[PDB]
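Undergrad:
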Amino acid sequence: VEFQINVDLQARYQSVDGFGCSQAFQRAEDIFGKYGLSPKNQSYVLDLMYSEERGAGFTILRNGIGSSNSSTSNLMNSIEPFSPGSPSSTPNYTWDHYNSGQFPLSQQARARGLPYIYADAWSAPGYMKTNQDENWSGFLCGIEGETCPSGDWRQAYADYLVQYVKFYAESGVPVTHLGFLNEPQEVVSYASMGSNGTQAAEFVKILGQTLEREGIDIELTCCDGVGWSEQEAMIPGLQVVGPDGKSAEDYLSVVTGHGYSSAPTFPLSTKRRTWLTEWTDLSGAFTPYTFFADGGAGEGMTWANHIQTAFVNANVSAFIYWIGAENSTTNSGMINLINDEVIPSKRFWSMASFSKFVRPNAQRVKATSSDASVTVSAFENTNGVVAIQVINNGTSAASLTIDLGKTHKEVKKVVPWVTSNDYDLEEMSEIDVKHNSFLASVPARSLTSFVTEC
Ligand SMILES: *[C@@H]1O[C@H](CO)[C@@H](O[C@@H]2O[C@H](CO)[C@@H](O[C@@H]3O[C@H](CO[C@H]4O[C@H](CO)[C@@H](O)[C@H](O)[C@@H]4O)[C@@H](O)[C@H](O[C@H]4O[C@H](CO)[C@@H](O)[C@H](O)[C@@H]4O)[C@@H]3O)[C@H](O)[C@H]2NC(C)=O)[C@H](O)[C@H]1NC(C)=O
Ligand SMILES: *[C@@H]1O[C@H](CO)[C@@H](O[C@@H]2O[C@H](CO)[C@@H](O[C@@H]3O[C@H](CO[C@H]4O[C@H](CO)[C@@H](O)[C@H](O)[C@@H]4O)[C@@H](O)[C@H](O)[C@@H]3O)[C@H](O)[C@H]2NC(C)=O)[C@H](O)[C@H]1NC(C)=O
Ligand SMILES: *[C@@H]1O[C@H](CO)[C@@H](O[C@@H]2O[C@H](CO)[C@@H](O)[C@H](O)[C@H]2NC(C)=O)[C@H](O)[C@H]1NC(C)=O
Ligand SMILES: *[C@@H]1O[C@H](CO)[C@@H](O[C@@H]2O[C@H](CO)[C@@H](O)[C@H](O)[C@H]2NC(C)=O)[C@H](O)[C@H]1NC(C)=O
Ligand SMILES: *[C@@H]1O[C@H](CO)[C@@H](O)[C@H](O)[C@H]1NC(C)=O
């Protein structure tokens, strides 16, 4: 045996909620033909993203709760664009059955089986904030240390987020996960809003209490920090048990962070599930076809490794890329649209390799490799399908011996699915398994998903 891979289904780790992307800042409109995409390719892109059989079967869609009072440039417009005059005044809410294209997108994703919709606000509306502006950070009026002459807007913001979730549910598209901050560290020209851990915790408790009063069942998140270390720094604040004997962590279902300022390479110190909720290559490079060339930020293998590391080393339950599909020739999205043209990147195919076979409620299980040139991850689905991801970073093909150890069902067949410079997500011939062990060659510089049958 040249390379030994051992999988142990009796050594079990975190659950998986899934994989996906956002179509925020009007990028959902691109999929529906804003820049000339044909009806054929609109349907094709939705199948690539959300069909388990025809595509990646993404299971999480992250939508923006818009803060803007218009839909100019790439703004996401708000359900409450204009101040009601005071926090206690009756709000005027507008529902356009659109949400910058994210509503019809959510309908199309759900039609193809998508279970999880994560609605996240980048900012409260400007009139609820210290700077009276959705932009350039600022704080929710009434949060600890941040008073405003117009009064305390904390309950108004909670009621606003509840009303967004209600419009979605009433329109047949329930939201499963809810967040109220994005990158609270960042002071930027676009929708942004500040909070440290204790300021975030204060609002988590108000929002959780509001949802419980309304009888709405939804998973709360915090805080989409700009990097993994930056999110870790907020967790002590979320864990402070207040006078009432509750922490923010008691109300939270998921702790969320981004990969930009620091990558998900270590476990966060929360007792909750964690999600990597945004990450991409923002360099402005264009790397659609490269799985491996020289370790560029946009290469397929870079992203296969980011995903594998997030699950094995950072203990995440989900991985959400930034934009799925957009009219651009950069690496910001997984799928480049060029008017009526669809170019799925190797970053897309790396995501697809995981997402297609690691279905919601899968559990990560122990998987080891005898050699640092081959890195491995493994998950058992609730239907018993085992999906093993192998990255071969050798310059030659690697002959693997893969032992599945002790299992309930004797495994009889396994199917390899390959992603490389030569292959997108290519199904290879089934391999016969004997005594829960099999041999497989994997190409140089490749990702292979080995998927067990029945
Ligand atoms: C599989 O094994 C291979 C080796 O065989 C490893 O490859 C090396 O991968 C690293 C990254 O992990 C590579 O280093 C990075 O290269 C990037 C691309 O560089 C080229 O293109 C850019 C942009 O045009 C040029 O600027 C540059 O001169 C090169 O022409 C760089 O963009 C990266 O830079 C960034 O990160 C560094 C380090 O943190 C920062 O200092 C920089 O400022 C910047 O943010 C980086 O240098 C390296 O080139 C690869 N070597 C080879 C021989 O290919 C893989 O890592 C390995 N994969 C796995 C998953 O283990
Ligand atoms: C829907 O999206 C499709 C996918 O993008 C569109 O089809 C593509 O249209 C472009 C023109 O905009 C064609 O581009 C040319 O490609 C050739 C090279 O061709 C070949 O190699 C590819 C890659 O493996 C292969 O799939 C092709 O079949 C060819 O063998 C260049 O010489 C040209 O300069 C230009 O780049 C694409 O080839 C074409 N792709 C496919 C798969 O058809 C399509 O037009 C969109 N609309 C509709 C209504 O279908
Ligand atoms: C609509 O939103 C815009 C953008 O946030 C608001 O404009 C800002 O208002 C604040 C407060 O006066 C200023 O500090 C910013 O400079 C403004 N930004 C821009 C780009 O103009 C605007 O007030 C909002 N309109 C209403 C009616 O609420
Ligand atoms: C990996 O993440 C999981 C959550 O997905 C962590 O699981 C929690 O474990 C604590 C301590 O044993 C329990 O009190 C919680 O009930 C678990 N949460 C869930 C949702 O199951 C696990 O601790 C994390 N691992 C590491 C090494 O940090
Ligand atoms: C969409 O993307 C292509 C490629 O970047 C670009 O050339 C084109 O102008 C964009 N389409 C528009 C604005 O119609």
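In this note's numbering, the protein residues as written are 697 to 1150.
Ideal Cβ positions, reconstructed from N, Cα and C, are used throughout, including at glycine.
Does ligand 1 have even one heavy atom less than 7 Å from the beta-carbon of residue 1001?
TA: The residue labelled residue 1001 in the question sits at position 305 within the sequence shown. Result yes, Cβ under 7 Å from ligand 1.
Undergrad: Given a cut-off of 8 Å, decide if residue 717 and residue 1003 are closer than it, judged by their beta-carbon atoms.
TA: Position 307 of the sequence shown, counted from the start, is the residue given in the question as residue 1003. Position 21 of the sequence shown, counted from the start, is the residue given in the question as residue 717. No.
Undergrad: Hey, quick one: how far does the beta strand (DSSP E) through residue 895 stretch, first residue to last?
TA: Translated into the one-based positions of the sequence shown, residue 895 becomes position 199. Counting along the chain, residue 895 falls outside any beta strand (DSSP E), though it belongs to the alpha helix (DSSP H) covering 893-910.
Undergrad: Can you determine whether any heavy atom of ligand 1 sits closer than 7 Å to the C-beta of residue 990, and answer yes or no?
TA: As a first step, residue 990 must be located in the sequence shown, where it is residue number 294. Yes, since a heavy atom of ligand 1 falls inside the 7 Å radius drawn around the Cβ of residue 990.
Undergrad: Since residue 838 sits in a beta bridge, which residues does DSSP pair it with?
TA: Locating residue 838 in the sequence shown gives position 142, counting from the first residue. Note: residue 838 sits in no beta bridge, so no partner.
Undergrad: How would you label residue 1053, buried or exposed, when you count the other beta carbons within 10 angstroms and need 16 or more for buried?
TA: For the purposes of this step, residue 1053 is taken as the residue at position 357 of the sequence shown. That one is buried.
Undergrad: Under 8 Å, do residue 919 and residue 880 count as touching if we go by C-beta distance?
TA: Position 223 of the sequence shown, counted from the first residue, corresponds to residue 919. Position 184 of the sequence shown, counted from the first residue, corresponds to residue 880. Yes.
Undergrad: Give the DSSP bridge partners of residue 1029, in chain order.
TA: In the sequence shown, residue 1029 corresponds to position 333, counting from 1. Paired residue(s): 1019.
Undergrad: With DSSP collapsed to three states, give me the class of residue 702.
TA: Within the sequence shown, residue 702 is the residue found at index 6, counting from 1. In this structure, residue 702 counts as strand in the three-state DSSP scheme.
Undergrad: Are the CB atoms of residue 850 and residue 1016 within a distance shorter than 8 Å?
TA: Taking the first residue of the sequence shown as 1, we reach residue 1016 at position 320. Taking the first residue of the sequence shown as 1, we reach residue 850 at position 154. Going by C-beta atoms, residue 1016 is not nearer than 8 Å to residue 850.
Undergrad: Are the stretch 882-898 and the stretch 826-837 in contact at 8 Å, needing three or more beta carbon pairs?
TA: Taking 8 Å as the limit for Cβ pairs, the verdict is that the stretch 826-837 does touch the stretch 882-898.
Undergrad: For the stretch 757-771 against the stretch 783-797, are there 3 or more C-beta pairs whose distance is under 8 Å?
TA: Yes, since at least three Cβ pairs between the stretch 757-771 and the stretch 783-797 fall closer than 8 Å, the two stretches touch.
Undergrad: So, helix, strand or coil for residue 862, using DSSP?
TA: The residue given as residue 862 occupies position 166 in the sequence shown. Of the three classes helix, strand and coil, the one that applies to residue 862 here is helix, per DSSP.
Undergrad: Quick one, which of 1006, 979 and 1005 has its alpha-carbon nearest residue 993's?
TA: Residue numbering aside, residue 993 sits at position 297 when the sequence shown is read from its first letter. Ranking the options by Cα distance to residue 993, first place goes to 979.
Undergrad: Given a threshold of 16 other Cβ atoms within 10 Å of its Cβ, counted over all protein chains shown, does residue 1029 qualify as buried or as exposed?
TA: For this step, residue 1029 is matched to residue 333 along the sequence shown. Residue 1029 should be labelled buried.
Undergrad: Is residue 996 closer than 8 Å to residue 955 when the C-beta atoms are compared?
TA: Taking the sequence shown and counting its residues from 1, the one referred to as residue 955 is at position 259. Taking the sequence shown and counting its residues from 1, the one referred to as residue 996 is at position 300. For residue 955 and residue 996, no; Cβs fall outside 8 Å.
Undergrad: Take residue 648 and list the residues in its own chain whose beta-carbon comes closer than 7 Å to its own, dropping the five residues that flank it on each side.
TA: One cannot answer for residue 648 here, as it falls past the ends of the chain, which runs 697 to 1150.
Undergrad: Considering only C-alpha positions, which residue in the set 744, 894, 1105 and 915 is nearest to residue 928?
TA: Position 232 of the sequence shown, counted from the start, is the residue given in the question as residue 928. Closest by alpha carbon: 894.
Undergrad: Report buried or exposed for residue 1060, applying the criterion of at least 16 other Cβ atoms within 10 angstroms of its Cβ.
TA: Taking the sequence shown and counting its residues from 1, one reaches residue 1060 at position 364. Buried, because 16 or more other Cβ atoms sit within 10 Å of the Cβ of residue 1060.
Undergrad: Tell whether a beta-carbon distance below 8 Å holds between residue 817 and residue 876.
TA: Working through the sequence shown from its first residue, we reach residue 817 at position 121. Working through the sequence shown from its first residue, we reach residue 876 at position 180. Their beta carbons are under 8 Å apart, which means residue 817 touches residue 876 by this criterion.
Undergrad: Who are the near neighbours of residue 1105 in its chain, counting only those whose CB is closer than 7 Å to its CB and skipping five residues on each side?
TA: For the purposes of this step, residue 1105 is taken as the residue at position 409 of the sequence shown. Same-chain partners within the cutoff: 1080.
Undergrad: Out of curiosity, what's the CA-to-CA distance linking residue 778 and residue 786?
TA: One-based indexing of the sequence shown puts residue 778 at position 82. One-based indexing of the sequence shown puts residue 786 at position 90. Going from the Cα of residue 778 to the Cα of residue 786 covers about 12 Å.
Undergrad: As a quick exercise: from 1058, 1094 and 810, pick the residue whose alpha carbon is nearest that of residue 1071.
TA: Counted from its first residue, the sequence shown places residue 1071 at position 375. Among 1058, 1094 and 810, the Cα nearest to that of residue 1071 belongs to 1094.
Undergrad: From the DSSP secondary-structure annotation, give me the bridge partner or partners of residue 1061.
TA: Working through the sequence shown from its first residue, we reach residue 1061 at position 365. Its beta-bridge partners are 708 and 1074.
Undergrad: Does the beta-carbon of residue 740, which I'm using as the reference point, lie nearer than 7 Å to any heavy atom of ligand 3?
TA: Along the sequence shown, read from residue 1 onward, the residue named residue 740 stands at position 44. No, Cβ of residue 740 sits at least 7 Å from all heavy atoms of ligand 3.
Undergrad: Can you tell which of 974, 1115, 1118 and 1103 has the C-alpha that lies nearest to the C-alpha of residue 814?
TA: For this step, residue 814 is matched to residue 118 along the sequence shown. Comparing Cα positions, the closest option is 974.
Undergrad: Pull up the distance between the alpha-carbon of residue 1025 and that of residue 915, whole angstroms please.
TA: Locating residue 1025 in the sequence shown gives position 329, counting from the first residue. Locating residue 915 in the sequence shown gives position 219, counting from the first residue. Near 35 Å, if we compare the C-alpha coordinates of residue 915 and residue 1025.
Undergrad: If you follow the beta strand (DSSP E) that residue 880 is in, where does it begin and where does it stop?
TA: Numbered from its first residue, the sequence shown carries residue 880 at position 184. That residue, residue 880, is in no beta strand (DSSP E); it is neither H nor E in DSSP.
Undergrad: So which of 1143, 699 and 756 has the shortest CA-CA distance to residue 1122?
TA: Numbered from its first residue, the sequence shown carries residue 1122 at position 426. Comparing Cα-Cα distances from residue 1122 to each of 1143, 699 and 756, the minimum goes to 1143.
Undergrad: Assuming contact is defined by CB atoms lying nearer than 8 Å, are residue 1140 and residue 1091 in contact in what I supplied?
TA: Taking the first residue of the sequence shown as position 1, residue 1140 is located at position 444. Taking the first residue of the sequence shown as position 1, residue 1091 is located at position 395. Against a cut-off of 8 Å, the Cβ pair of residue 1091 and residue 1140 comes out as a contact.
Undergrad: May I have the straight-line CA-CA distance separating residue 702 from residue 1100, to the nearest angstrom?
TA: Along the sequence shown, read from residue 1 onward, the residue named residue 702 stands at position 6. Along the sequence shown, read from residue 1 onward, the residue named residue 1100 stands at position 404. Going by the C-alpha atoms only, they are around 6 Å apart.
Undergrad: Less than 7 Å between the CB of residue 762 and some heavy atom of ligand 3, yes or no?
TA: Here residue 762 corresponds to residue number 66 of the sequence shown, with the count starting at 1. Every heavy atom of ligand 3 is 7 Å or more from the Cβ of residue 762, so no.
Undergrad: Using DSSP bridges, identify the partner residues of residue 1113.
TA: Within the sequence shown, the letter at position 417 stands for residue 1113. Paired residues: 1123 and 1145.
Undergrad: For residue 726, does the count of other Cβ atoms within 10 angstroms reach 16, so buried, or fall short, so exposed?
TA: Here residue 726 refers to the residue found at position 30 of the sequence shown. Buried.
Undergrad: Is any heavy atom of ligand 1 found at a distance shorter than 7 Å from the C-beta of residue 1140?
TA: Position 444 of the sequence shown, counted from the first residue, corresponds to residue 1140. The answer is no for residue 1140.
Undergrad: Residue range of the alpha helix (DSSP H) that residue 946 falls in?
TA: If you number the sequence shown from 1, residue 946 lands on position 250. From DSSP, the alpha helix (DSSP H) with residue 946 extends over 944-947.
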